[PDB]
Structure formats: C-alpha cells, structure tokens
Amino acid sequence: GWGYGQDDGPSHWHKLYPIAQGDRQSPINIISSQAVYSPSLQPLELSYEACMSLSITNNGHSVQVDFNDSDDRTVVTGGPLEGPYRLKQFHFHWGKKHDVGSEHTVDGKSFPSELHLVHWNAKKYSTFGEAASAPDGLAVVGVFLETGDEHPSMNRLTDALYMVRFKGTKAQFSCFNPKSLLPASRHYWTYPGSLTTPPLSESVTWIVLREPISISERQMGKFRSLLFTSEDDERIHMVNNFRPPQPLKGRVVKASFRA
C-alpha cells in the first residue's frame, strides 16, 4: 500500500492516511535557536539490559531489531516523560548519499541516517499496538548517524545484514545491547509528534539526541545493500526510506541544553 518509491512514497501517503496533514506530524526541522531551554525537565535515562534483543528483520521498509518487552527492564525514563516506557524495537532510516537519509533535520542539515529506539507506555496500555494509537502512548528516541570512523559495536549488526538482505527475512539476534548505539551525551530536543510511517498516528513524544554517533562509510554501505524487494523480484535497493520534515504548526520544541 505504501512505501518510499516514486509511486507510493511520502508525498502520497496523505491520500491513504489523512492524518498525514495533522497538527502534530513528524519528523520536523529543528531550528536550534528557536528551541526553548527547559531546565525543569528531568534527566533523561536510557536503562538498557544487555540481553533483551530477539531478532533482526528486513520488513520491506527498514531493518528492525525486536526486544522482549514483557517487563520494565529495558526502558527510557526522565526528560519529558512522566514514567518509564519499555523498548519494543529499534530501526533505521537512511539515504543513498551522505547529504540525505535522516528524518529529522537540524537547522536544515540532514544526516546520512537516523536510528529510532521505539518505546511504549506499558503502565497505561496493555499492548504496544494499543499504545501506538494514544497521545501519550509512545516515546521514540532518535539518534543521528554521521559517517566517519568505524563503530565497533555496530559491526555485529552490519555483519548480520547479509542474512536479511531480502524483504521478509529474519535472523536470531541475541545479546545486542542498544546502549552501544548511544552517544556519550544525553542532551536532547523534545516535542509532541507522530509515527513517521503509516498510520502516522500522533502518539509519539519525540526525544532527539543532540549528539550523533558515527559509523564508517563501509558500515553505512551494508545498510544500502539491503533490498526493498523479495528474493525473486527485480532488485530495488533499500535507500531513502525516510519521510521529510513536516509543518511545526505552532508546536514548541524544548531543549535540555543551551545552544
């Protein structure tokens, strides 16, 4: 139904999911000088266990690592959140070249990729699916990826990409700690937004980290080697699987730091 191709891409999603034109859509272009410094915000804590990862999957839209979310062991708390949100999965958005790929932009600048750690309010909702539709249901932490030096921990993930190159394939992926993909700073920007893929529900509290992590061009290349297509189809590489910035519509972006 929807994708990132010329005929089914982001520019057309609004024809199938009208909420695409809503007042709290994501991603956005963060104008750093206009963010409101908010010291009242609590410190952001990403408390992640080392062995809660289950599998790695090419779902045709991105490569996603799923987690055991039966308890509150791997959660995000603090910052703009009232309580803990359990990590359900993480995935990425990337481009064909370095100048494009991320969903959020900062002062008009795009990064080659963006990592999304998707968490849900298990204290209020009974399931991730139920939470994905409520205003306070999800908390997504976004981390920008820049290309430069090789990222040691990333190797375990980029080396596994071959096994899920085709759409609809998956592999076991145990003991990968998502903390290894975080920068050494916990400063962030936060604003009320939405899922960046259909159904585009406005159920996400976005927490976009200020500091990007870096991976090598070789590692980035492993993502670009993935395919939107299945085994016996004409190969179309999975690239530019991102939604562009949406209207802010008067929302206020808060910052945990002074720029």
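Quick note: we count residues from 1 along the sequence shown, nothing fancier.
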remark   = Higher avg CA temperature factor (232-240 vs 17-25, as deposited) belongs to 232-240
ask   = Should the higher mean CA B-factor in the entry be assigned to 29-37 or to 190-198?
value = 29-37
ask   = Looking at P178, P135, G101, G142, which has the biggest Cα B factor in the entry?
value = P135
Residue, from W94, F173, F90, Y125, that the PDB entry assigns the highest Cα B-factor = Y125
key: Entry-reported Cα temperature factor of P212, expressed as the chain third it lands in   = lowest
key: Third of the chain's Cα B-factor distribution that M163 belongs to, per the entry   = highest
inquiry  = Can you tell me whether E114 has a C-alpha B-factor in the lowest, middle or highest third compared with the other modelled residues of the same chain?
reply    = lowest
task = Ordered by C-alpha B-factor within the chain, which third holds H151? Give me lowest, middle or highest, please.
result = middle
query = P183: which third of its chain by C-alpha temperature factor?
reply = lowest
